[PDB]
Amino acid sequence: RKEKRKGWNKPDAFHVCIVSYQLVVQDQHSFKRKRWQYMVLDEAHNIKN
DNA sequence: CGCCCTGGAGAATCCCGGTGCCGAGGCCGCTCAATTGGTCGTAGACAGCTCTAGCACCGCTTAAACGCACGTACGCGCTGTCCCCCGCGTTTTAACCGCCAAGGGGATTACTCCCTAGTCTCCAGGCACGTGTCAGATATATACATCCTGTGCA
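Residues numbered from 1 in each chain as written, not as in the entry; some residues may be left out. Chains lettered and ligands numbered in written order. Part of a larger assembly, values for the part shown. Heavy atoms only, no water. Residues with missing side-chain atoms left out of burial classes, pairs and counts.

1. Some words on the packing of aromatic side chains
Each aromatic ring pair is specified by the distance between its two centres and by the angle formed by the two planes.
Line of reasoning, step 1. Look at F14 and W36: their rings are 6.2 Å apart centre to centre, the planes differ by 40 degrees, and that puts the pair in the tilted class. On the criterion of sequence distance, the pair formed by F14 in the segment before α1 (23–26) and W36 in the segment after α2 (28–31) is long-range, its members being 22 residues apart.
Line of reasoning, step 2. Sitting above the plane of the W8 ring, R5 keeps its charged end 5.7 Å from the centroid.
Line of reasoning, step 3. Seen from the ring of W8, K34 lies directly overhead, with NZ or CZ sitting 5.7 Å from the centre. (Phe/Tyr/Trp six-rings, centres within 6.5 Å; stacked < 30°, edge-to-face > 60°. Helix = DSSP H or I, 4+ residues; strand = E, 2+ residues; numbered from the N terminus. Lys NZ or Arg CZ within 6 Å of the ring centre and 35° of its normal.)

2. Observations concerning unusual backbone geometry
Line of reasoning, step 1. Backbone geometry places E43, a non-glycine residue, at a positive phi of 40 degrees.
Line of reasoning, step 2. Position of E43 among the secondary structure elements: in the segment after α2.

Here it is, written out as structure tokens:
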């Protein structure tokens, strides 16, 4: 993940990113820094709580 | 034939932004032991006087300190050996959350009696002190006890 995040910030290396549900719990501090346009949730019956 | 010195390579570090996050401090409400004064009685500093071991000293009387000479043997330097834990990759488990919500007992706060001991008081007696007495260690008569000497002998 560090190797994925070293081409991350300054330029645009991707038009979309694929991140698992549970990884945003640990990496929430890193993912909250970058601005985003669309964040979509699959099978929302998880987050329902 | 194989080793210091150089050069290429790699990665670990330092430092400078860049944005989200939370408790340090400020602000208020409040509220209780510090502050001020008076009363009261009480131990500490000031002599006072005394008395007693520390101080400085002098001179026998040994007795450790010292200087040195020898020495020998273990601390140390060097060398060969080998093996054991570090570095790294691959396997395996501990712990967090999600589900899906309930109580539970133990220190806290507040209240409530109740009785053990501080304080005061007087009566008595007991252990620090002075003296009696024996234990141990000390210094000296003493009855033989071992050389020395007249001394008489064969």
